[PDB]
Amino acid sequence: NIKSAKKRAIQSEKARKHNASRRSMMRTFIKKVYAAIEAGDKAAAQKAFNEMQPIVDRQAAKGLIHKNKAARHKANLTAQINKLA
Amino acid sequence: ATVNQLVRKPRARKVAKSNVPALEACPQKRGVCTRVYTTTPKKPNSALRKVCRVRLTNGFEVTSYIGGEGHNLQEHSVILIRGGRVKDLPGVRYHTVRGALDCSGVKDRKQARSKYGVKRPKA
Amino acid sequence: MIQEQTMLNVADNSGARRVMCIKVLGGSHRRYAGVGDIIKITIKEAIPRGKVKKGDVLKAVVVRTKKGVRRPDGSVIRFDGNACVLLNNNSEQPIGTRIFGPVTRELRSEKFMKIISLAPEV
Amino acid sequence: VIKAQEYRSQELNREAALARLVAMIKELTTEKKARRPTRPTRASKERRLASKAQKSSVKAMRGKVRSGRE
RNA sequence: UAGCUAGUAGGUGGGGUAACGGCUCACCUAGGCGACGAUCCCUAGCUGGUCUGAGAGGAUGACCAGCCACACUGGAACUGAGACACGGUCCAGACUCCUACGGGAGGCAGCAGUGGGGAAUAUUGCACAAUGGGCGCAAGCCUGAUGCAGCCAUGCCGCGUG
RNA sequence: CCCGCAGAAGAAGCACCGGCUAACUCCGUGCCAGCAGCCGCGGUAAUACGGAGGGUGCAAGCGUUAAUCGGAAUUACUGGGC
Ligand SMILES: [Mg+2]
Ligand SMILES: [Mg+2]
Ligand SMILES: [Mg+2]
Ligand SMILES: [Mg+2]
Ligand SMILES: [Mg+2]
Ligand SMILES: [Mg+2]
Ligand SMILES: [Mg+2]
Ligand SMILES: [Mg+2]
Ligand SMILES: [Mg+2]
Ligand SMILES: [Mg+2]
Ligand SMILES: [Mg+2]
Ligand SMILES: [Mg+2]
Ligand SMILES: [Mg+2]
Ligand SMILES: [Mg+2]
Ligand SMILES: [Mg+2]
Ligand SMILES: [Mg+2]
Ligand SMILES: [Mg+2]
Ligand SMILES: [Mg+2]
């Protein structure tokens, strides 16, 4: 580069690795919930939902995702969990 | 007529055509004088008109009149070309600009010297 | 082993795409052209605004052969196709300014130093 | 390069070859007569001048009758 | 240029987005657009406005201001409130350059400037003193924005040459 | 920007002048040379070519070319026709 764009490149790669780890973990827990749902066990699905809810809420707090994205995940996972029966 | 007919198909303007297409909406162009010769006029006219076949920078190969009495142009002279046909020379739609860019001025001109590219005398 | 009627790819950017060997130069009855060998070619395929035209007869130096070169230790270097660099018909002096694909040390001579410098490998 | 084989006889073929040679050399060395450029006839030049003068008189009579003698 | 369209048009559900949405996916329905011109082709940044015109209109979009798009070419995302980013990242390409031949670097459509093209269009200027902008509690630093200066009768206006 | 100094000093050109269109003669040239936007001009008395004198217009500009609209009611809606 030619500027302070070098520091931004370094910081952006660092934040890219960090956010990638965080996003992977978050959607891994979301996948946990979805797999429990498509298995058919409401209890396991609820356990996975309770495991993931603080994760997505804290990530929406950190700014990894948006509050709307976290709320949408929670909402349309609760919907499937309830309609599972 | 018939406002209804006009609403259907409106009135079409007469799209004008340029009589100086080689200029391509430029005031002048630059050429090379692929040929220099004389032509006879048409009609009732009778003379030996001095004219040059000129290749322009945009690729156009046109015919340009050399005005004034006497010129120094030849088979490779780079000249400047402005609009204006000759009206008795068929196919000559341009004039050579005298006193500009390797086409010399006219000798001994005292009147209308800005045309023909003649500088002011000693006085 | 390039002979007459062999089609070669063009390893420079002179504009030619496919050329045909029409003569293996140097020696009566000479059959094949290895790598460092000059051949007479005609251009069978060229690009529209290239430095050469289709149907042009000129010279070329082989730079890659499927047959390959053998090294003094017995090793072999083969390529997946036969390529050549086009040369001016009077002085060899490659026509293009770039050279694509690798070449071999067999080309390291005084007349192909331009090629050995422009090549991206060996 | 001529090939004369019209005849079963070599002497006929030889004379035919020489005849072809002579005919070809004649047709290839005969010079086309030069075309000198022609001018308009002076009758037509006077016609041009006369038509011009007549239209000159008519145009002088036409148009603007200014001075007005007034 | 008279037909065009198969995610096409709609529906259900899932996913996705900041957000609605065929945005995406599976299934279902067989629709949807079009002579009030679809589709296709050519050309084109749009507007306030400008020029012309008595108007209606025609032409036009230099400067200035609003919007859009682009940033060597083609893609892509990352970071971030905001970019798919002019002086950031990655990949590919063409070109230019360095190389110890293994590999690397670059992007004036910022301001000057050069070459080129052209009928044709300017200085490789000074200063952040104004006004703005970034950062900073500030002081301040940075600012080719900007303020000015240079060049050019290019225009408009004024005056002189008694 | 103001004041002082000196001296008319240091500071006019361009186009046009047949009609349109404002402003005319002489000379040279002789359908040539050339001019021209249109009509045209020029073959021995040319206000039309070239120079001069005189004049007209504009003026630190003036002409030419290009381009747009106008004139063009010459696409007419205002506002045409068969
Ligand atoms: Mg949903
Ligand atoms: Mg839907
Ligand atoms: Mg259409
Ligand atoms: Mg364009
Ligand atoms: Mg009007
Ligand atoms: Mg560029
Ligand atoms: Mg993000
Ligand atoms: Mg940037
Ligand atoms: Mg840049
Ligand atoms: Mg140039
Ligand atoms: Mg400042
Ligand atoms: Mg700095
Ligand atoms: Mg008058
Ligand atoms: Mg005019
Ligand atoms: Mg006389
Ligand atoms: Mg005269
Ligand atoms: Mg009109
Ligand atoms: Mg009528």
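Numbers restart at 1 for each chain; the letters A, B, ... are given by sequence-line order, proteins then strands. No hydrogens, no waters, no symmetry mates; every other heavy atom, side chains included, goes into these values.
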Which one, [options], comes nearest to the side chain of [X]?
X	options	result
B/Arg11	F/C77, F/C32, F/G19	F/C77
D/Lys64	F/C20, F/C16, F/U74	F/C20
B/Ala1	F/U75, E/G107, F/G81	F/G81
A/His66	F/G19, E/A18, F/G42	E/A18
A/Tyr34	F/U75, F/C16, E/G16	E/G16
B/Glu69	E/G118, F/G34, E/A18	F/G34
C/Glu121	E/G102, F/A22, F/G51	E/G102
A/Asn68	F/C77, E/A119, E/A18	E/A18
A/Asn76	E/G15, E/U79, F/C16	E/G15
D/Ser56	F/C14, F/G40, F/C41	F/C41

RNA chain E nearest-nucleotide lookup for B/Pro27 and C/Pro120: closer to the 5′ end is C/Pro120
The residue, A/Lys69 or C/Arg98, whose nearest nucleotide of RNA chain E is more 5′ is A/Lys69
Indicate, with a heavy-atom threshold strictly under 4.0 Å, whether [X] touches base, sugar-phosphate, or nothing.
X	answer
B/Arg109	sugar-phosphate
A/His18	nothing
A/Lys14	nothing
A/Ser12	sugar-phosphate
A/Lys7	nothing
A/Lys67	nothing
B/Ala12	base
A/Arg8	nothing
B/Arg82	sugar-phosphate
D/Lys52	base
A/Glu38	nothing
B/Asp88	base
A/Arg23	sugar-phosphate
B/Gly70	sugar-phosphate

side-chain N/O [X] vs [N] OP1/OP2, d < 4.0 Å:
X	N	result
B/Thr57	E/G117	no
D/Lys55	F/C41	no
B/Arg30	E/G117	no
A/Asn19	E/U79	yes
B/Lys14	F/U75	yes

Got a donor-acceptor contact below 3.5 angstrom from the B/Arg93 side chain to the B/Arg85 backbone? no
Notebook entry, point to check: Okay, side chain of A/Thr78, backbone of A/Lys74: is any donor-acceptor separation there less than 3.5 Å?
Noted result: yes
The residue among B/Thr39, B/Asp88, B/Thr38, B/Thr40 that forms side-chain hydrogen bond (donor to acceptor under 3.5 Å, both in side chains) with B/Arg49 is B/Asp88
When syn is taken as a glycosidic angle within 90 degrees of 0, is [N] syn or anti?
N	value
E/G80	anti
F/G63	anti
F/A72	syn
E/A44	anti

Could you check how far [atom1] of [X] sits from [atom2] of [N], rounded to whole Å?
X	N	atom1	atom2	value
A/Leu64	E/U79	CG	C1'	12 Å
A/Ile2	E/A105	CD1	P	12 Å
B/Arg8	E/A35	CZ	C1'	13 Å
B/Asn19	F/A66	CG	P	7 Å
B/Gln111	F/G53	CD	P	9 Å
B/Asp102	E/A119	CG	P	14 Å
B/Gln28	F/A66	CD	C1'	8 Å
A/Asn1	E/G106	CG	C1'	12 Å

With north for a positive and south for a negative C1'-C2'-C3'-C4' torsion, E/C126 lands north
Say whether [X] and [Y], considering side chains only, have a donor N or O and an acceptor N or O under 3.5 Å apart.
X	Y	result
A/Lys69	A/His73	yes
D/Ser44	D/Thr41	yes
B/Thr34	B/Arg55	no
C/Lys59	C/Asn90	no
C/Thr65	C/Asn82	no
B/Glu24	B/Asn58	yes

Note: for D/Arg48 and B/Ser114 on RNA chain F, the residue whose nearest nucleotide lies more 5' is B/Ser114
On RNA chain F, more 5' by nearest nucleotide between B/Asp108 and B/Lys115 is B/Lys115
| message | Looking at E/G31 and its strand neighbour E/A30, are the six-membered base rings less than 5.5 Å apart at the centres with planes tilted under 30 degrees? | response | no
Mate of E/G106 across any strand shown (Watson-Crick or G-U wobble, both atom pairs under 3.5 Å) is E/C95
Mate of E/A127 across any strand shown (Watson-Crick or G-U wobble, both atom pairs under 3.5 Å) is E/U146
When you compare F/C17 with F/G63, how far apart are their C1' atoms, in angstrom units rounded to a whole number? 16 Å
Checklist entry - Looking at E/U89, is it paired to E/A76 in the Watson-Crick or G-U wobble sense, both distances under 3.5 Å? => result yes
*What do you reckon, do F/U56 and F/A15 form a Watson-Crick or wobble pair with both distances under 3.5 Å?*
yes
Per side chain to side chain contact (heavy atoms under 4.5 Å, CB included), A/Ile37 is matched among A/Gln46, A/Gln80, A/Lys42 by A/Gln80
